[PDB]
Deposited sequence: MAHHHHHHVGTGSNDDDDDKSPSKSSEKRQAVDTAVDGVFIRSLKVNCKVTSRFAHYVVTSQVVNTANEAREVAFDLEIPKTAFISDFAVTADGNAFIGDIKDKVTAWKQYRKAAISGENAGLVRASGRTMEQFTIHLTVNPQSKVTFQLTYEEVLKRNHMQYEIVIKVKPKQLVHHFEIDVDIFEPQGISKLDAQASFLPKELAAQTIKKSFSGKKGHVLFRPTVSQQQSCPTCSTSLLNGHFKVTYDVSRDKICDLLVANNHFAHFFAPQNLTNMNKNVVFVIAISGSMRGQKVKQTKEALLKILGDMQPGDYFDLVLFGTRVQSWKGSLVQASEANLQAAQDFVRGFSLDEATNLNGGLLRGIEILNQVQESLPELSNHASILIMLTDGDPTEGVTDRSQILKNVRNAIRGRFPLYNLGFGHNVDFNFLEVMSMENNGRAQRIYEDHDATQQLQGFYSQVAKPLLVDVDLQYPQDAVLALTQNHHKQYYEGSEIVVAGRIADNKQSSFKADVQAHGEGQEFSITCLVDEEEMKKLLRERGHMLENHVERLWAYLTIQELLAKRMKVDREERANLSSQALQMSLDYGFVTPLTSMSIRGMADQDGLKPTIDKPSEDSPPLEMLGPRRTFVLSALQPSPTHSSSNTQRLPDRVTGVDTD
């Protein structure tokens, strides 16, 4: 007896198609109302913030409804005069660090069969030597036909594949999770029977509460991974077996009074572990900034046994100092790294890295954020990346993102939680092992109509550089790529030519879906890139980039910060349509076939 109040979940299926890192999710739920009265049913699931919703369909006993994508402004016009805000009314809202919650409550007719189907897509990003697919399993009821099916197709070949279900006991997971891979194809199938979903042999609650994680990576023996299909290309670059570069790293740490407690404790703990794993060939220094700026050595020193132990002692010992002189702290760390230009030229071939951690905004010294941005980029001058870590939600993170974007880096949020130390270690490991610097992927100008970022300051072990673009007509056959870069005292250079015979073979093995996903891979990366650029440019160019992002979101039907998806045919208590948006940083619906005629 799975049903609750006469409503049972007949089926809940997650189908993920991955093609050359492009992940295409389709989640389909069919709920049946056996009661002779009307019942409220829910379609509730979590999706990753990195994905774009591309389609949503609801079919109730032949009565079909579909989400129409439109300019966000147009979709939210119904909210202006209304008593609820579009943020509160939307079906999608943020629910965690990396996930968003999609929720709709619908009153269905008696003896009704309703099918929900949500589609969302993303380009998987490699980190820590793998791609990771996370699917939140939470039906809140027993499901007669529950299934997760992940179908992976990687031209370069799959090197490893794993599937983990934390909510399942080790014994239950083994018999129930089927996985296998050979050559280019990988498959994971999870099809628990109703009995296997039960917490106890004869109880109704379901153990299916948790996350279903699928991880994999592709064979990297072949350094060229150039995929061309129907005037669009994707180029994946991650050479293996390269020698770790020696690096010069300066940590700029906020020691404001606000850090008192867990934050300073977790920060120190992370620095101790980072210092403990530093390699003998590296050089480093530490900068603390409160109201006053203070550097451990004032210059890059080698990661000797003595220096590392002295630094750990310095880390354990420092105390907080009231305010936050962020401008002074950054300029001090930059000044130290720039000594390599004049005083310490023997370190010039190392990969330089600047990491800054702060839990608040500048309050001492120069506090004009726009001036700080100017001061920082004029001091670094594109010589090394800057990685800003925002600790907590009492800081202007947009300010940190723009600064990193203007200086060949990225910003990362550290959530105030019991695991902040592990979060900090997690991030640092992404940048800990630089292998190449000044990576320049070059393509024939006569063949490229558009392409994503093709210059990358540093390439790190475990990560990957990806470039996508659109090819001009009749230039696909001869398309090629040249990649230049530098190691530590070395020059890197390769050439990748499209393998026409292989491309045709891939098209046969994966079908026209290969062509579609390569193009949609390009569109996804282009849209994300447009959203990143627009936040770090003047307001005039911002409007230009916004219109580009709006047009691409509409062309490919993505729910992005510039678009919304509305469902005609449904209305809440106030006659408002269901609306689906991409969040930044209750109500129940009924079937309604009428709307006021304009």
property	result
Where the deposited sequence has no C-alpha coordinates (positions from 1, in order)	1-32, 618-627, 641-660
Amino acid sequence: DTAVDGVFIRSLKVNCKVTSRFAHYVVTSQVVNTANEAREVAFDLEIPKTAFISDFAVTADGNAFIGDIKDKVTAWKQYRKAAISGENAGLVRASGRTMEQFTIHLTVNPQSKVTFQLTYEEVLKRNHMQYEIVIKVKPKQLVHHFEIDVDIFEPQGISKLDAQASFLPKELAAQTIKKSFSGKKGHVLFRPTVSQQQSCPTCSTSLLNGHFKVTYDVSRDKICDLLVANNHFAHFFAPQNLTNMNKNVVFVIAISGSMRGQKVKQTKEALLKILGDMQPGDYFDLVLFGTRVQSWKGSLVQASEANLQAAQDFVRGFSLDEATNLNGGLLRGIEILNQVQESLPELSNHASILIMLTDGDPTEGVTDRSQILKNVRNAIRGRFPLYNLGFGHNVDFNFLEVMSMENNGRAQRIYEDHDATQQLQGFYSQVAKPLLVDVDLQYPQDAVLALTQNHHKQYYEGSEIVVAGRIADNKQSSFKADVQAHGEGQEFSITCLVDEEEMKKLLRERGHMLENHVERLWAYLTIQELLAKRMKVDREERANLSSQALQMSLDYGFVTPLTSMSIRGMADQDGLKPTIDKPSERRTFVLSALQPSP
From here on, numbers count along this sequence of modelled residues.
property: Greater mean Cα temperature factor according to the PDB record, 109-117 or 524-532; result: 109-117
property: 352-360 set against 334-342, stretch whose average Cα temperature factor tops the other in the entry; result: 334-342
property: Residue, from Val188, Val218, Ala83, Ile465, that the PDB entry assigns the highest Cα B-factor; result: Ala83
property: Largest Cα B-factor, entry values, listed residues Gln197, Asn246, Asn307, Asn388; result: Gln197
property: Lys49, C-alpha B-factor rank within chain (lowest, middle or highest third); result: lowest
property: Relative C-alpha B-factor of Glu100, binned into the chain's lowest, middle or highest third; result: middle
property: Third assignment of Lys13 from its chain's C-alpha B-factors; result: middle
property: Third of the chain's Cα B-factor distribution that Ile567 belongs to, per the entry; result: middle
property: Assigned third (lowest, middle, highest) for the C-alpha B factor of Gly575; result: highest
